[PDB]
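Structure first, then comments.
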Amino acid sequence: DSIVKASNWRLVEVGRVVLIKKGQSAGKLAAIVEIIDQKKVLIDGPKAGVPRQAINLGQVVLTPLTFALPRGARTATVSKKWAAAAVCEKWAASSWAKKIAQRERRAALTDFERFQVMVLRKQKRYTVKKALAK
Amino acid sequence: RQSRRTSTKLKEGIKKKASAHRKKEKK
Amino acid sequence: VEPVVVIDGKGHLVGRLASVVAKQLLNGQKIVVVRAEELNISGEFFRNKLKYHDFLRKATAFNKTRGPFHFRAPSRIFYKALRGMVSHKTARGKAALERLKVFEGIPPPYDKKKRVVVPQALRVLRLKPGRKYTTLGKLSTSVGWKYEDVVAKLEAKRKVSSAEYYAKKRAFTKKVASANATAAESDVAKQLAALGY
Amino acid sequence: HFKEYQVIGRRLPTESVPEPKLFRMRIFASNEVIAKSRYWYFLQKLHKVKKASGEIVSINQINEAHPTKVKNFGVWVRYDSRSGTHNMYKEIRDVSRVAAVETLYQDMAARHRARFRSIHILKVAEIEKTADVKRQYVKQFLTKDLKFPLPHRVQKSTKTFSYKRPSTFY
Amino acid sequence: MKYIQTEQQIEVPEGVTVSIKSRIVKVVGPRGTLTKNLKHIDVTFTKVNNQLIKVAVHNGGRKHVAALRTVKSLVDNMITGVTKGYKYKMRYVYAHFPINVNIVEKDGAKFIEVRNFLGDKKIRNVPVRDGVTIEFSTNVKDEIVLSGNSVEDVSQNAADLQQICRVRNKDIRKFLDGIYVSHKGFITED
Amino acid sequence: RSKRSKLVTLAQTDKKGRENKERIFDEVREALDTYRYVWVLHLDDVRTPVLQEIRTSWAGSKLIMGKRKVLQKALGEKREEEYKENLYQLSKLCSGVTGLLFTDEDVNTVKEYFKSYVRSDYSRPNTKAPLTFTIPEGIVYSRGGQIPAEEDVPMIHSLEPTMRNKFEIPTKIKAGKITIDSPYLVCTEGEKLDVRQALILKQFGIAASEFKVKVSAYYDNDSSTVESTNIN
RNA sequence: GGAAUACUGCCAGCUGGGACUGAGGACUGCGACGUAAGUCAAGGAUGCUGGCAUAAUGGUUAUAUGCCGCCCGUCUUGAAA
RNA sequence: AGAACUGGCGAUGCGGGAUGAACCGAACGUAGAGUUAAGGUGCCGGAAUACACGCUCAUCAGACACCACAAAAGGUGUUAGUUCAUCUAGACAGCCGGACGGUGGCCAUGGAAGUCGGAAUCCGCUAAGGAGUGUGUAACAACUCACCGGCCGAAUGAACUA
RNA sequence: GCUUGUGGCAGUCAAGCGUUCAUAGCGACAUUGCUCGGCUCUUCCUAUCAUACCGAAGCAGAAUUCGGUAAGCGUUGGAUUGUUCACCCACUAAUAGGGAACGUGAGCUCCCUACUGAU
RNA sequence: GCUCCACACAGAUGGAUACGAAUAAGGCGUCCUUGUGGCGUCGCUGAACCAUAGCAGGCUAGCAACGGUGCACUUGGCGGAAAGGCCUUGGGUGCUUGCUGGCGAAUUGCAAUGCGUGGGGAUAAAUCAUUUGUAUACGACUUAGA
């Protein structure tokens, strides 16, 4: 029985949702509307507020998220289908976006709020080291 | 093996070959 | 940061690696390079094997013995490489390659202690995928180094005796990742999360 | 970086010759003044004039009509080299008239060593229907549902010392 | 020209079943098994229907596009080698001295002796690669048969049987002596 | 760079191309009105002196050949694409070899002639041959051991290299004579032939294959009727 | 049809962070703010506070490191010699 | 080589060009602070192991400097162009089939049938077949591509330019 | 960045470049015409004379010629010297060409240090 | 070295936080049909992880756990590549910020981090001097002698 292993990938395709690293948009989800060439795609995510633009694929990262979108789809039309797939709910459900939040939320701890964390992590340890050596 | 340093007598004995190519074209 | 940054050649590019290993001593940074032999380079093999011998010939006239000594053993191969970008000769220099150390294999006391790599210098991550790229090991040998094996063999050993290790650890964790899991979800925890942790 | 400049010139109106012919040409440049300077150079190649003999009537920028659309651009180019000058045509799949001529100029440098002083851009035109596309590397994206990967992804690190040993899936 | 997506197709018959993890390729079938490493080449295998395999190559250069077609062939030859087998027939000729070819089981490694060839006291001992079997051609005078699964094992060992019989510093036309591959074929002819 | 550079030729013949296709296109369309009856032939494989014998049989009726797709488009492919009425129906039926014939003569004189016409020809690929050809275990001859040896000449030593490679037969040569150790058999009665099985019997000059030319569809111009008959 | 928004340019727009400097030595001057009295960021730093006499601090010499440094004079020749 | 002119050094430090009479900047009181020139920013070395588009594999690449000499060409290395031509009336490649009739044309001659040669290179048939592109033979045969045609189903070939 | 292998003169040449472009005229490889030195001891170079392995030849064998990789290892002796500015048979596997400048002319007609070793 | 006297005193500041191999692939978890096996899941930076509150970290009162951890001991085992460390068993003794307490901090005044010598004694050995010659310019080398 034939097993060809692995070969999984994220793909540049019309209607792949992307997360942009470098740029004014940054950390905001848009989706590929039209592949220009090898390196350039045309994006947009009107739900976040990032505008419709030519963009190098080095500016951006593809996500494990995709939806049904026609070729060369306009802003209103993108939004509709984006709302149809309801990606944000799907998106924020991933351990991926949860990490991005967990980076952000930690970054805005007060000095006092950070102290609390230490104090709790003192308790949470005691309960944990109890459970072991049994 | 050959070198890739230009000795200065050559590096400036190129300029004085290039100058001779300038006056040759005009005439 | 860390006082000793045991690196690890295993898939780096003699150059680059170097450079950085270099700067880092110059800026007072005790390094230590391991698995030298699994260092790499650029280009076919039958090259480095040149861009070398040539190097070999070199040597001194009237008195061959006093001159450009051609070390074989990897480690050193790569040394040079590096003692070549550090004004070696001058207090501040010597004061460096003072700070260095390049073993082939990965003998104690380093076996037992985390290592690391230097992005900004891995074959995988710099060489246009699929391109000729040499791998010391051979390249040493090919020109003297008499041990490739010892290393090798008296290697496999290490790897073993370790992985073994591993396990025992992988086994351990699991338990934790399990305790924490369960005794996770009770208040206290919750709270944390809010803050994030 | 580039912008497109609509320029008109008319060789200052002499006695008995009121309001001459007016020469319209679209010039891609980086600024209004490079544009003007280029304009006269092209004037000296079309006919016998000089920069002092004429006048820049009107120089106005042109923006791209729909820069959220992807067009295909069939470009005519005259360019000089080591040899005598020679006409050319390439194709560019792009967003904007201007980003097109831009990306062409990089290619004209990369392949043929020719710099901005040498290149005349003859005419840039959108091609509306497919099959008028004569180049393979353009036709290559004009297939229904083009789904491909970008394997071997370099993740650029800021820190010199990485502990993970970087894997490049995507 | 920098292609975008270059793929071939590998047709798999009903007997054999392919296994490909990383770039290591197993062909398990009627005659036995074949394994081959293809990491050196760097392509993408894709099972499509238990009956067709697509190797693709993205963003390829002409030299990387080439590397793709030769992979179809080198898996094809791994499949045909089990369902059909590879058999190479070698006939040997002479002028005066008849060549007295035999097989020795010395050290259990299996060698082929070449004796008396062009009047030689030098006995030319040739190794036999594993997988490949040797048998003498019955009812045909002075002929030997090399039959195995792999194309390498076979044809390389055929080559080592031929190259040992040069004529040193003599004429090509005048001296006919040696061993030559007469016929290239299959084990199961259909 | 790097491409197969074609064999440089200095032949006295030039490439026909489209100047020939146009000359055929008009010739079919001019012969449709002048003549009355049309036939389409499935002439499987045809020797040239056989074709000229069909030519020299009658000079009144015209034989038409060329490209199948030339013969579809000059006549007609569909109900819209047509020169004459119901002309597309005969073109859909002919799919094998291109053969076509215009005639002004009687229907019965044609079909009786072509059923009776069967000629001596070589064994052909993918077609069966009714012989069990065996070669003698000594010196081989030009006939291959069918006629007595005294009548026939021994085969040329120059052709034996080909006998080993394409014709496959295990051939050794002693004193300029082609010799096989065992009595070889190539073919049997009632078996489909391969290319090498065919060419062996072509080399020895054996005419053990019947050639009967067949005809299929039939048409009359003024009546516009399409007749289908399977002869052999 | 209706807004925007980039880009270019303006502000005698507002609000921060850092380094360097404090020349001069009664008052005159040009101003600003105030209804006036007066006050001020207006012809160049003032205010508060801390460190000491077994001081504070400052220097000398010997080396060390970084970086730089062809042997002085005369006489030629176009300078190096 | 000679003549004229205008600079540079000569009486001249300073940054740069790894190093230097002729090159690049910049003509100097002693300091602090800022900004730059020329040149650079993997490490030696102060400064992006910056971003962006391409190109290149070299058996001692390249970073060689009015692109000047060895340079006119060669290469089944590679990327792009330009100009001619075929292209679902089915091209390119490919196994398959035909590749003929006066005729085994005519002189040369033991022997010449396309194929050791000399001068013509005709005509008929057709879809197309050269009084012939090679292998081979004493001479023939058989094979051959060139020219068609069938089986397959799309872009391919030639001369060049960079 | 010096130099090495195929002469110069007239011409059927014949890709392109010549203000227009074969006739302002040049023009690549070809083909037509005439015709005061030389005896020791070190080192390196390959452009190899032998030895090593191949490739080609109507190369049967033996031997030969041409060519390729290779510098690992080898490369002789006698009569002539009015200015040595010539050569011949004797052997051997073969008796290759050169560089290291006034190479070893401070081996010929109580300045500094390389090196060999020693404490 | 042992013993007796006399003296002399290239840059730490929470933690180097242990698989191997691949990268046109991999971890990690689960079911086993034990496989190049399936299902699940992760990655897109260490921004993590583990430690982290007390006079530069004191002195005392309980509650709840039966754990965490420091220290000399003790049982057994591992590590030869440069092992020169890494684990474990048993008990003792501290500490516990897991929870709640009860006391002290000032005036430091508004910044200026807060293991060799020089003689003795006992005992191991080498050198010199002598002898031999396998060695030798001189050295050095080799021998022999309570």
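Residue numbering restarts at 1 for every chain of the structure tokens, chains are lettered A, B, ... in their displayed order, and ligands are numbered from 1 as they appear.
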- [ ] Write out as a PyMOL selection string the residues lying within 12 Å of segment 104-117 of chain F, counting only C-alpha atoms (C1' of nucleotides) and excluding same-chain residues fewer than 6 positions away.
- [x] chain F and resi 31-43+50+53-54+57-63+210-221+227+229-232
Selected residues, N, CA, C and O atoms, written as a compact mmCIF listing (two decimals), in the first residue's frame, please.
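Saved result, part32.txt, follows:
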```txt
# COMPACT_ATOMS: atom_id res chain seq x y z
N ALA F 31 -12.59 18.00 -58.53
CA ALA F 31 -12.92 16.63 -58.94
C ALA F 31 -14.28 16.14 -58.42
O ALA F 31 -14.77 15.10 -58.86
N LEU F 32 -14.87 16.89 -57.49
CA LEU F 32 -16.18 16.56 -56.92
C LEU F 32 -17.35 16.76 -57.89
O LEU F 32 -18.32 16.00 -57.86
N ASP F 33 -17.24 17.78 -58.74
CA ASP F 33 -18.29 18.10 -59.72
C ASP F 33 -18.12 17.41 -61.08
O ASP F 33 -19.11 17.04 -61.71
N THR F 34 -16.87 17.23 -61.51
CA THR F 34 -16.52 16.59 -62.79
C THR F 34 -16.91 15.10 -62.82
O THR F 34 -17.47 14.62 -63.81
N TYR F 35 -16.61 14.40 -61.73
CA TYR F 35 -16.94 12.98 -61.58
C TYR F 35 -18.28 12.79 -60.86
O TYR F 35 -18.86 13.76 -60.35
N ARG F 36 -18.76 11.55 -60.82
CA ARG F 36 -20.08 11.23 -60.27
C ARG F 36 -20.02 10.38 -59.00
O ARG F 36 -20.77 10.63 -58.05
N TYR F 37 -19.15 9.37 -58.99
CA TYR F 37 -19.02 8.44 -57.86
C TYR F 37 -17.68 8.55 -57.15
O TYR F 37 -16.64 8.71 -57.78
N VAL F 38 -17.73 8.45 -55.82
CA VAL F 38 -16.54 8.59 -54.97
C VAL F 38 -16.39 7.40 -54.02
O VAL F 38 -17.38 6.91 -53.46
N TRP F 39 -15.15 6.94 -53.86
CA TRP F 39 -14.80 5.89 -52.92
C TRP F 39 -13.70 6.35 -51.95
O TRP F 39 -12.89 7.22 -52.29
N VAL F 40 -13.70 5.76 -50.75
CA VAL F 40 -12.63 5.98 -49.76
C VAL F 40 -11.97 4.66 -49.35
O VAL F 40 -12.62 3.76 -48.80
N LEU F 41 -10.66 4.56 -49.61
CA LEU F 41 -9.91 3.32 -49.43
C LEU F 41 -9.11 3.29 -48.13
O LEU F 41 -8.45 4.27 -47.76
N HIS F 42 -9.19 2.15 -47.44
CA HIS F 42 -8.35 1.86 -46.27
C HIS F 42 -7.17 0.98 -46.69
O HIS F 42 -7.06 -0.18 -46.27
N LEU F 43 -6.31 1.53 -47.54
CA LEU F 43 -5.10 0.84 -48.01
C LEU F 43 -4.02 0.83 -46.91
O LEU F 43 -3.25 1.79 -46.77
N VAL F 50 2.91 -1.36 -56.66
CA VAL F 50 1.52 -1.81 -56.51
C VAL F 50 0.55 -0.65 -56.76
O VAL F 50 -0.46 -0.82 -57.44
N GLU F 53 0.37 0.27 -60.42
CA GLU F 53 -0.39 -0.78 -61.11
C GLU F 53 -1.90 -0.50 -61.05
O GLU F 53 -2.63 -0.80 -62.00
N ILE F 54 -2.36 0.07 -59.93
CA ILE F 54 -3.76 0.54 -59.77
C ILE F 54 -3.99 1.79 -60.62
O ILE F 54 -5.08 2.00 -61.16
N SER F 57 -4.06 0.73 -64.45
CA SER F 57 -5.26 -0.07 -64.73
C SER F 57 -6.32 0.77 -65.45
O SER F 57 -6.93 0.31 -66.41
N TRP F 58 -6.52 2.00 -64.96
CA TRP F 58 -7.42 2.97 -65.59
C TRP F 58 -6.95 4.42 -65.44
O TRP F 58 -6.56 4.85 -64.35
N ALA F 59 -6.97 5.15 -66.56
CA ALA F 59 -6.57 6.56 -66.62
C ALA F 59 -7.75 7.53 -66.54
O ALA F 59 -7.56 8.74 -66.35
N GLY F 60 -8.97 6.99 -66.68
CA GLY F 60 -10.20 7.77 -66.58
C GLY F 60 -10.51 8.23 -65.17
O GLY F 60 -10.74 9.42 -64.94
N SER F 61 -10.51 7.28 -64.23
CA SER F 61 -10.81 7.54 -62.81
C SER F 61 -9.58 8.06 -62.04
O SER F 61 -8.45 7.63 -62.30
N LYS F 62 -9.82 8.96 -61.09
CA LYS F 62 -8.77 9.67 -60.35
C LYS F 62 -8.56 9.12 -58.93
O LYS F 62 -9.53 8.88 -58.21
N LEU F 63 -7.29 8.92 -58.56
CA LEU F 63 -6.91 8.55 -57.19
C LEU F 63 -6.39 9.77 -56.43
O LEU F 63 -5.54 10.51 -56.93
N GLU F 210 -0.46 -12.02 -47.43
CA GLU F 210 -1.46 -11.62 -48.41
C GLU F 210 -1.82 -10.14 -48.25
O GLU F 210 -2.07 -9.67 -47.14
N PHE F 211 -1.83 -9.42 -49.37
CA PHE F 211 -2.26 -8.02 -49.40
C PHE F 211 -3.55 -7.87 -50.21
O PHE F 211 -3.54 -7.97 -51.44
N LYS F 212 -4.65 -7.65 -49.50
CA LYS F 212 -5.93 -7.31 -50.13
C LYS F 212 -6.40 -5.92 -49.70
O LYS F 212 -6.62 -5.66 -48.51
N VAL F 213 -6.53 -5.04 -50.69
CA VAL F 213 -6.95 -3.66 -50.47
C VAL F 213 -8.48 -3.59 -50.32
O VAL F 213 -9.23 -4.14 -51.13
N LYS F 214 -8.92 -2.93 -49.25
CA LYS F 214 -10.35 -2.82 -48.92
C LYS F 214 -10.91 -1.41 -49.12
O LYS F 214 -10.17 -0.42 -49.07
N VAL F 215 -12.22 -1.33 -49.36
CA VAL F 215 -12.92 -0.05 -49.55
C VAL F 215 -14.18 0.00 -48.65
O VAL F 215 -14.78 -1.04 -48.35
N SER F 216 -14.55 1.21 -48.22
CA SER F 216 -15.61 1.40 -47.23
C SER F 216 -16.84 2.17 -47.73
O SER F 216 -17.83 1.55 -48.16
N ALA F 217 -16.77 3.50 -47.70
CA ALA F 217 -17.93 4.35 -48.00
C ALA F 217 -18.06 4.71 -49.48
O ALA F 217 -17.06 4.78 -50.21
N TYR F 218 -19.30 4.95 -49.89
CA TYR F 218 -19.66 5.18 -51.29
C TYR F 218 -20.66 6.33 -51.40
O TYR F 218 -21.58 6.45 -50.59
N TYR F 219 -20.47 7.16 -52.43
CA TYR F 219 -21.26 8.37 -52.62
C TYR F 219 -21.54 8.66 -54.09
O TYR F 219 -20.67 8.46 -54.95
N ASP F 220 -22.75 9.14 -54.36
CA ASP F 220 -23.14 9.66 -55.68
C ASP F 220 -23.45 11.15 -55.56
O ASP F 220 -24.13 11.58 -54.61
N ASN F 221 -22.97 11.93 -56.53
CA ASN F 221 -23.04 13.40 -56.48
C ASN F 221 -24.45 13.99 -56.67
O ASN F 221 -24.89 14.80 -55.85
N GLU F 227 -23.53 5.36 -48.95
CA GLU F 227 -23.60 3.90 -48.89
C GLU F 227 -22.40 3.35 -48.12
O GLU F 227 -21.26 3.76 -48.36
N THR F 229 -20.37 -0.14 -47.11
CA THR F 229 -20.08 -1.55 -47.40
C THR F 229 -18.69 -1.95 -46.90
O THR F 229 -17.70 -1.26 -47.15
N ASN F 230 -18.63 -3.07 -46.17
CA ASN F 230 -17.37 -3.58 -45.63
C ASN F 230 -16.83 -4.74 -46.46
O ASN F 230 -17.21 -5.90 -46.24
N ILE F 231 -15.97 -4.41 -47.42
CA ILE F 231 -15.26 -5.42 -48.22
C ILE F 231 -13.82 -5.61 -47.69
O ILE F 231 -13.36 -4.81 -46.87
N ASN F 232 -13.16 -6.67 -48.14
CA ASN F 232 -11.78 -6.98 -47.74
C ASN F 232 -10.96 -7.49 -48.93
O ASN F 232 -10.87 -6.83 -49.96
```
Taking only residues of segment 40-62 of chain A that have an atom at most 10 Å from an atom of segment 90-111 of chain D, what is each one's shortest atom pair and its distance in Å to one decimal, using only C-alpha atoms, in chain and number order, as JSON lines?
```
{"residue": "A:40", "atom": "CA", "partner": "D:94", "partner_atom": "CA", "distance": 8.9}
{"residue": "A:41", "atom": "CA", "partner": "D:94", "partner_atom": "CA", "distance": 9.8}
{"residue": "A:42", "atom": "CA", "partner": "D:95", "partner_atom": "CA", "distance": 8.5}
{"residue": "A:53", "atom": "CA", "partner": "D:95", "partner_atom": "CA", "distance": 8.5}
{"residue": "A:54", "atom": "CA", "partner": "D:95", "partner_atom": "CA", "distance": 6.9}
```
TODO: Find the residues of chain A in contact range of chain D, meaning any atom within 8 Å when counting only C-alpha atoms, and list them as a count of residues only.
DONE: 16
- [ ] Tell me which of E:39, E:91, E:23, E:2 sits closest to residue 61 of chain E, counting only C-alpha atoms.
- [x]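 Smallest separation from residue 61 of chain E among the options: E:2.
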Open item on the list: As an exercise, work out the distance from atom CA of residue 98 of chain F to atom CA of residue 25 of chain F in Å and give it to one decimal place.
Closed with: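 Result for atom CA of residue 98 of chain F versus atom CA of residue 25 of chain F: 14.0 Å, one decimal.
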Open item on the list: Which residues are near residue 20 of chain C? Cut-off 12 Å, only C-alpha atoms (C1' of nucleotides), ignore same chain within fewer than 6 positions. Put them as a PyMOL selection string.
Closed with: (chain C and resi 7+12-14+26-27+29+31+33+81-82+85-86+117-121) or (chain D and resi 160-161) or (chain H and resi 42-43+49)
